[PDB]
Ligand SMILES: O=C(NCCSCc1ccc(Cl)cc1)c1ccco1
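Have a look below at one chain only, the form solved without the named molecule, in structure tokens format.
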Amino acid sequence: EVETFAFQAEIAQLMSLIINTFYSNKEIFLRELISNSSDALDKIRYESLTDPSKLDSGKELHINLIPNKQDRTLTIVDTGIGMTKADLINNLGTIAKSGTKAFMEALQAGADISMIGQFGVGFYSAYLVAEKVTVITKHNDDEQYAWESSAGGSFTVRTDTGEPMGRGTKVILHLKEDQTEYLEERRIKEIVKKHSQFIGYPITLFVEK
């Protein structure tokens, strides 16, 4: 049972800008997703301070980076607070309408796309390198869901009956054919070292057979 939704016009416009603007510094997508994971982990850690049972769905707070060259996917997994179905539908838990407004004003004033996270809409930088993004998520207060979009103005949401996640979010980047450098160990290590040095959770880069 798959529900298809239209993005809000402003978010479709954000996505089209990210996909169509010439802009070479695409590697910042990984910084932005890791920052989103860190923010999600901070949230479940805060809730656990007064309610330890919030970690019954998983005590370890971490981020895994999983490249798969056969599937052409880079997966960012975190064990943070996760998203409810409403969060997914409401722009993956962001205030993306007002964030997009500010971001586009900043761009016209001289900012560049690398500054997207300052506007709270860093998730959509995934579309710098991905033709399709799939988000699997599980919040303590809801079932497990899959969100997906190849842009083009719509996204889908379904209940996910696949591999159970415990708690947190998994962003599966189906990379564009010319962006496979982001599956290479040395390239991922370089970007994490450059941009994510002060993320306060373990970031494990999986290796491939």
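Sequential numbering from 1, following the sequence displayed. So that the term is clear: the rigid core is the largest set of C-alpha atoms that superpose within 1.5 Å between two forms. Shifts are known only where both forms have a C-alpha.
- Note on 30-38 vs 160-168: mean CA B-factor is higher in 160-168.
- The stretch with the higher mean CA B factor, choosing between 86-94 and 99-107, is 99-107.
- Per the PDB record, 59 has a higher Cα B-factor than any other of 59, 45, 62, 174.
- Among 75, 134, 79, 114, the highest C-alpha B-factor in the deposited entry belongs to 114.
- Among the modelled residues of its chain, residue 70 has a C-alpha B-factor that falls in the highest third according to the deposited record.
- Among the modelled residues of its chain, residue 184 has a C-alpha B-factor that falls in the middle third, as given in the PDB entry.
- When all modelled residues of the chain are sorted by CA temperature factor, residue 144 is found within the middle third.
- In this PDB entry, the Cα temperature factor of residue 150 sits in the middle third of its chain's modelled residues.
- For residue 13, the recorded CA temperature factor ranks within the lowest third of the chain's modelled residues.
Absent from the display: the form solved in complex with the named molecule. The rest refers to it.
- Placing the named molecule onto this chain by superimposing the site C-alphas, using its pose in the deposited bound form, gives at least 3 ligand atoms within 2.4 angstroms of backbone or C-beta atoms, which makes the site blocked.
- In the deposited bound form, at least one heavy atom of residue 8 sits within 4.5 Å of a heavy atom of the named molecule.
- Contact check for residue 182: no non-hydrogen atom falls within 4.5 Å of the named molecule in the deposited bound form.
- Among heavy atoms of residue 74, none comes within 4.5 Å of the named molecule in the deposited bound form.
- Contact between residue 92 and the named molecule in the deposited bound form is found at the 4.5 Å heavy atom cutoff.
- Taking the named molecule as it sits in the deposited bound form, the stretch 87-124 comes within 4.5 angstroms of it through a non-hydrogen atom at 88, 89, 92, 93, 95, 96, 120, 121, 123, 124.
- Fit the rigid core and compare the CA positions between the shown form and the other one: of 74, 129, 135, 92, just 92 moves by 2 angstroms or more.
- Between residue 93 and residue 10, the Cα spacing is smaller in the deposited bound form than in the shown form, differing by no less than 3 Å.
- In the deposited bound form, the separation between the C-alpha atoms of residue 164 and residue 92 grows by 3 Å or more relative to the displayed form.
- Regions that shift between the shown form and the other one, defined as runs of three or more consecutive residues whose CA atoms all move by 2 angstroms or more after core superposition, reduce to a single one, 90-94.
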